[PDB]
Amino acid sequence: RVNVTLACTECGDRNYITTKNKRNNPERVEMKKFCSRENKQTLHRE
Amino acid sequence: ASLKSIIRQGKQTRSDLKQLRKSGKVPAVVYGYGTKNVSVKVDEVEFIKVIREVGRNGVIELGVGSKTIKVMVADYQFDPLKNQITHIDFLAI
Amino acid sequence: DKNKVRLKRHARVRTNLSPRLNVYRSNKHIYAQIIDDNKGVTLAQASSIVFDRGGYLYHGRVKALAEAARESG
Amino acid sequence: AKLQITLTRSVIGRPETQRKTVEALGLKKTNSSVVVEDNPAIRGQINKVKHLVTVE
Amino acid sequence: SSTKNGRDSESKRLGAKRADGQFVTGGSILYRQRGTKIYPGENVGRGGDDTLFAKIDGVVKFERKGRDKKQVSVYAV
Amino acid sequence: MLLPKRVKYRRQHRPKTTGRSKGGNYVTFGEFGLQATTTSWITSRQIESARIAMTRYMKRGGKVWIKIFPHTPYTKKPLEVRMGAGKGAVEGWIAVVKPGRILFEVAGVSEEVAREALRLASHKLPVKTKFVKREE
RNA sequence: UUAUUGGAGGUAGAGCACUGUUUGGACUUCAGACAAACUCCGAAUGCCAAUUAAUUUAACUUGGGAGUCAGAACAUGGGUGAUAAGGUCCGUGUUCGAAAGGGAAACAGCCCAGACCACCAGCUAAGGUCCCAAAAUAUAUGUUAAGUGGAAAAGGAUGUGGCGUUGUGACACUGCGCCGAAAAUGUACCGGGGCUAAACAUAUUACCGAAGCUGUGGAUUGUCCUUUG
RNA sequence: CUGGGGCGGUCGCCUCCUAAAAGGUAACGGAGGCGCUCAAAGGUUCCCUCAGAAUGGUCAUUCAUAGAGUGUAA
RNA sequence: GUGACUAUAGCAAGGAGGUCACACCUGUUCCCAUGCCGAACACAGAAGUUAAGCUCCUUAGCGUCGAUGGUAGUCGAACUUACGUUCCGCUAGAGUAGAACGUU
């Protein structure tokens, strides 16, 4: 299991860490997580 | 049948019963189709010879304060070690 | 045995629930009543506030009932 | 002022809860006595120690 | 001749933490446990690990839930 | 000899031998029997001596019942060892016997034959017993 | 510490309803058994409380100062060992450690009991009263003949007493005895003499007996003021 | 560490029993596991009820607190 | 109808109750639905029927509650290697309750 950071797509922050897999989900993810610096729900990648 | 169930009354102790059974006496209770639910004594030599002769599952009259009550013999406790009875239940009909 | 089954679902909705606007459907009649939850006491009664859906599906008949009491105040 | 109590046996070699009880009756030395009133609770402290005291 | 035993866990202090009839403050823990040996009553709540805590500062009283189960309720003082 | 087919645990604490019996005190399969009066461990390897003796003295004209059964194993260490470093390996199967427990029973036999037979059994058993008959 | 009430919890015990183990039949089922890692059940105690009552007088906090981190035996619940060890490891208690005095002959830990000091005073404690050696050759009733008392089993056996059941014979339980019972310097398993009562079982008294308690005098710490005594 | 030391084993976390019904509790005492895995095996909202037998030829029915399942030990 | 209640409520057996309430019952026209099935879910409804459900009354076959007395087990104490006193007091088992109490 590989350990990934979630940089956001409007706010450039890198403000979440999660655990993906490298075979079951072997593709760069998206999320709707709370960007704090923007005070919003926003799309996170990486 | 021929039993004089001398009422034990008050409340027993460890030594009261250890001394009863040490002598020729045996504890028993009376209940059944009677409102009494008494706690009485027996002489073992008298119960042994009464239920050796009145059969195995017959009837018995018990003189709890002279009132013979037509008791059965429902239960009892026993020592096969000491060859001797420890307690008797007297149903009454 | 539908009224035996409806009760079971009902029990699984009234653990986190409670005044109740309890309901009870039938082949043709609706029975609703607002009952309280600390004395064992009922307040109102009309035949044919947290909403107890009785164990039925919230849909149609019970839907049409509960959505008219919203404009009842 | 009934029940003149006297500690007739020592509290050496006795367990410590017993040591506690006998000095909660207020007994200091051996043969040291007291006269307490019969509570229902004071009566239960001289069941805990029946052996080391002599009530009367 | 060596063996392949000799290892245990660490005992986790696990049991009743307040007594029936005691005054509790509104966040105290009332019972720790693996799975519900006792249920949350009134004014009481269970968290992850199922530990029972009192929401409001009242009296704690252990009660019966049917024939078998049990429960921890917190009346108001 | 006689022993459990499986056991969930091959090494066990040893059983209490203080107390009186909690069963087997009444002759129920047979007509007679042998009632212990001393506490001990009775082992499979000597139940298979007592049974042999009783079976043959009755000339194969009767019926024997063995009430007790060896459930528990006991473990012993090898020959010359120090203390510690594990628990020894299994050595045999025992059964704890307390005062009152009927050990054997017999039927299809006369009183004198059964008396002499159960006499000749208890000389191979580490407990003092007494001949007991079926009760009232 | 106690009384009372409330509570949580699964031990001893017991039981087979679960999991295993198991006997005998019947043909799943009757009857009977085993369990630290089984539970339909379930004590005694101990534990937590009330803001409850009663006796007592400790408790906590914040500071300065330490020592300890080799524990031992005894009773008891267990593991291990071999139901070995004055063994080893843990729960609970006591004593020694750090504790003198009396008894256990002698003997840290066993039973009694906690020494401020003096006394040629009295009362008791464990334990004892024939002599060594302080005080009963006390008292009432029985048992034992082995010097049992005053080291030990399986098993044997017209020892002997009690009590009950039995057809002068036979039996279950029992009290006390016999055999089984062989080691090295010297009797040598009562401390010794000695004992047939100076041994046992049950009950009455008397007394001896400690540095315990009391009496008297004294010395230092305290707290209450009867009357600073 | 060590029933002298060497050799053998172990060394950290989790679950049982030992553990003496609160909690804690030792030994080179008795059994095992861990050094992860899930983007749905999370949240929520709705619905649903098992295992095995007897019956017949995965399917249907009666019986079936409860013996299944719960990722993974207990 | 809907709460409380430790099956003394249950499992069971019989027997009796019709649309005024409770169903079964009639069909998909839509609301909505079946990893297929208006079976269920839900929508429109009166017929035909208590047969079944349900409820009301009777039975102690199983289920459950269960005394008393004694026994085991111990707290404590005192002789000592397991008996003796005092208190607390089980399991199992026989006597029994029992075919439900009860609000709004």
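Being of a type in the set (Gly, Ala, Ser) and part of a helix (DSSP H, G or I) is the filter here; which residues of region D:23-47 pass it?
The answer is D:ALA24, D:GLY44.
Of the residues D:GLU16, D:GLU23, D:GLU37, which is surrounded by fewer than 12 Cβ atoms within 10 Å (Cβ to Cβ) and away from RNA strand I (no atom under 11 Å from the Cβ)?
On inspection, the qualifying residue turns out to be D:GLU37.
Taking the condition of being among the aromatic types (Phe, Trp, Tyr) and either over 10 Å from the mean Cα position of the chain (by Cα) or within 16 Å of RNA strand I (Cβ to nearest atom) (or both), how many residues in region F:42-69 meet it?
Summing the residues that are among the aromatic types (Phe, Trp, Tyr) and either over 10 Å from the mean Cα position of the chain (by Cα) or within 16 Å of RNA strand I (Cβ to nearest atom) (or both) in region F:42-69 gives 2.
What is the number of the single condition among (1) surrounded by 15 or more Cβ atoms within 10 Å (Cβ to Cβ); (2) of a type in the set (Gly, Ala, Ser); (3) touching a strand residue (DSSP E or B) at 6+ places or on another chain (Cβ under 6 Å) that F:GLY108 does not meet?
(1)
Does region B:59-93 hold any residues that are over 13 Å from B:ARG21 (Cβ atoms) and touching a helix residue (DSSP H, G or I) at 6+ places or on another chain (Cβ under 8 Å), and which are they?
Selection gives B:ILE60, B:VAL73.
Just for region E:20-66: of the residues that are more than 13 Å from RNA strand G (Cβ to nearest atom), within 14 Å of chain C (Cβ to nearest Cβ) and part of a loop (DSSP other than H, G, I, E, B), which one is surrounded by the fewest Cβ atoms within 10 Å (Cβ to Cβ)?
Checked region E:20-66; the qualifying residue surrounded by the fewest Cβ atoms within 10 Å (Cβ to Cβ) is E:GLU42.
Give the residue that is farthest from RNA strand H (Cβ to nearest atom), with candidates limited to residues of region F:8-57 that are within 12 Å of another protein chain (Cβ to nearest Cβ) and basic (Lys, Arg).
Looking at the filtered set, the residue picked out is F:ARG20.
Take residues that are away from RNA strand H (no atom under 16 Å from the Cβ), within 14 Å of chain F (Cβ to nearest Cβ) and aromatic (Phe, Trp, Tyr) and tell me which of the strands (runs of 3 or more DSSP E) falling wholly in chain B contain 1 or more.
Filter on chain B gives B:75-79.
Suppose we keep only residues that are among the small types (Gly, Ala, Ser) and more than 18 Å from C:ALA64 (Cα to Cα) within region C:1-48. Which one would you say is nearest to RNA strand H (Cβ to nearest atom)?
Filtering first and then ranking leaves C:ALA11.
Bear in mind that the values in this text are calculations on the coordinates, not laboratory data. So basically every Cβ, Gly included, is an ideal-geometry build from the backbone, and we count neighbours across all protein chains shown.
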